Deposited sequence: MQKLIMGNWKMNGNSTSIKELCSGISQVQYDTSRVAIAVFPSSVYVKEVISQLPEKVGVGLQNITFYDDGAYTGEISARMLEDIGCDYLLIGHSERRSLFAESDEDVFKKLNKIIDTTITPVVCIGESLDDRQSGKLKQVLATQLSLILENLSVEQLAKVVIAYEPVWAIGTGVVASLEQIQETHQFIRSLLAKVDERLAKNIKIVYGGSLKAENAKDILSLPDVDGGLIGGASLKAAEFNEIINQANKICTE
């Protein structure tokens, strides 16, 4: 179940999305997903087959009621969302989403909807040797209070912020190094699940650099960002993971 998903982010409109969902609709035992903006979710699930998983890029761990401008897990399931994004760097950097905020939202849907826990270290963290410290911290509340049965449903979406926006390139060794380390943090709890948990890379992925990244031994797919906005591109990234996983 090679998990290839696309973060659409706040980009697009009603027309550019319907033109894409037709283009997105175009494929062996793999897993493709899409996270559109909140206002377009019911349209997107209506323009795609259920084989494609659809989710939202953020909810709120509050129960329904006096909470303005927010969406809940119960309002998440009513739309028909299969997955859910948790802990994105931009919600963490531009809105100060803490590790406590991540675990609260995760606990809402953990026993239901496959969660997508996003993690990543900053550029100052990697240069100051805070690499392994922060990634263990961003995993503390998850691995300390949940079980193998709940851990298996969690999908880690590693996105290295030290390479996003900073322009600093990411060699395929340090990509494999971090994915190998993230898996080792789970291996400290259970290795049979750690070796069969989907840790998808959420850095800069394009159709040009598609292979040699998914081909790495510790990559279970990608959390594609800007490249996922185009069908001829996203479906090209689709077909790459399809062929390399078969042979």
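Residues of the deposited sequence lacking C-alpha coordinates, counted from 1, fall in the stretches 1, 28 to 31, 118.
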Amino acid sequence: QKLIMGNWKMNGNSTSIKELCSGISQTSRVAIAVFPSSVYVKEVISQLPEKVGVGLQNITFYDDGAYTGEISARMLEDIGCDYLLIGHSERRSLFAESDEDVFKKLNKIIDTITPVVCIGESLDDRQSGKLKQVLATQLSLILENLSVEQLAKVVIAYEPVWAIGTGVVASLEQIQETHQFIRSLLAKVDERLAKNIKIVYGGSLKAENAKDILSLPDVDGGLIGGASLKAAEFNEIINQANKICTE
From here on, numbers count along this sequence of modelled residues.
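As the entry records it, the average C-alpha temperature factor is higher for 99 to 107, out of 135 to 143 and 99 to 107.
For the pair 35 to 43 and 216 to 224, the record assigns the higher mean C-alpha temperature factor to 216 to 224. Based on the entry's C-alpha B-factors, the most elevated value among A232, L229, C21, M10 belongs to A232.
The entry assigns its greatest Cα B factor, within the set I79, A170, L85, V154, to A170.
For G53, the recorded CA temperature factor ranks within the highest third of the chain's modelled residues.
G120: CA B factor in the lowest third of modelled residues in this chain (values from the PDB entry). Split the chain's modelled residues into thirds by C-alpha temperature factor. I113 is in the middle one.
Per the PDB record, residue ranking by Cα B-factor puts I71 in the lowest third of the chain. Ranked by Cα temperature factor within the chain, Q127 sits in the lowest third according to the deposited record.
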